[PDB]
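Need the 3D shape of this:
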Amino acid sequence: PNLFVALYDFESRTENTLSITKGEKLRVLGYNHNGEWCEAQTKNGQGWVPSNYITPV
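Residues are numbered from 1 along each chain as shown. This is the structure:
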């Protein structure tokens, strides 16, 4: 899977994270080492989101 959708709203509170809204589509570009964060791209740009806040489409 490469195309994902947000399960829950997540609000970025730092420079490298990416805010997402439930239902919003994102492209996932990888996981970090411990797996708790994914690198995502949406129409708002690119950054990290919780890996358990998204799911494949």
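
all strands of the chain, in order?
Ranges of strands within the chain are 3-6, 25-31, 37-42, 45-50, 54-56, based on DSSP state E.

Make CSV out of the ones you listed and add distance to residue 18 and mean neighbour count.
All C-beta atoms are positioned from the backbone trio N, CA, C, and that covers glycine. Listed next are these as CSV, based on distance: least, C-beta to C-beta, whole Å; neighbours: other C-beta atoms under 10 Å:
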stretch, distance to residue 18, mean neighbour count
strand 3-6, 10, 17
strand 25-31, 8, 15
strand 37-42, 6, 20
strand 45-50, 3, 16
strand 54-56, 11, 14
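
And for residue 54, nearest residue in space, chain neighbours not counted?
Excluding the flanking residues, the one nearest residue 54 by C-beta to C-beta, 6 or more residues apart in numbering is residue 4, at 4.4 Å.

Could you give the bridge partners of the one you found?
Taking DSSP bridges as the rule, residue 4 bridges to residue 26, residue 56.

returning to that earlier point: can you add distance to residue 15 and give the strands of the chain back as TSV?
Listed next are the strands of the chain as TSV, based on distance: least, C-beta to C-beta, whole Å:
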stretch	distance to residue 15
strand 3-6	20
strand 25-31	17
strand 37-42	14
strand 45-50	8
strand 54-56	20
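
can you pull the contacts of the residue most central in space within the chain?
By C-alpha atoms, centre = their mean, the chain has its centre lying nearest to residue 49, at 3.8 Å. When contacts are counted by C-beta atoms under 8 Å, 6 or more residues apart in numbering, residue 49 is found next to 6, 10, 17-18, 20, 26, 37-38, 40.

how does it look with 7 Å?
Residues in contact with residue 49 (C-beta atoms under 7 Å, 6 or more residues apart in numbering) are 10, 17-18, 20, 37-38, 40.

cool, residue 5 as well?
Residue 5 makes contact with 23-25, 54-55, 57, according to C-beta under 7 Å, 6+ apart.

please redo it, this time with the cut-off set to 10 Å
The contact partners of residue 5, by C-beta atoms under 10 Å, 6 or more residues apart in numbering, come to 20, 22-26, 54-57.

any idea how far residue 22 is from the closest residue in space to residue 39 that isn't next to it in sequence?
In this structure, residue 39 finds its nearest non-sequential neighbour in residue 29, 4.3 Å apart by C-beta to C-beta, 6+ apart. Distance of residue 29 to residue 22, computed by C-beta to C-beta, to the nearest Å: 21 Å.
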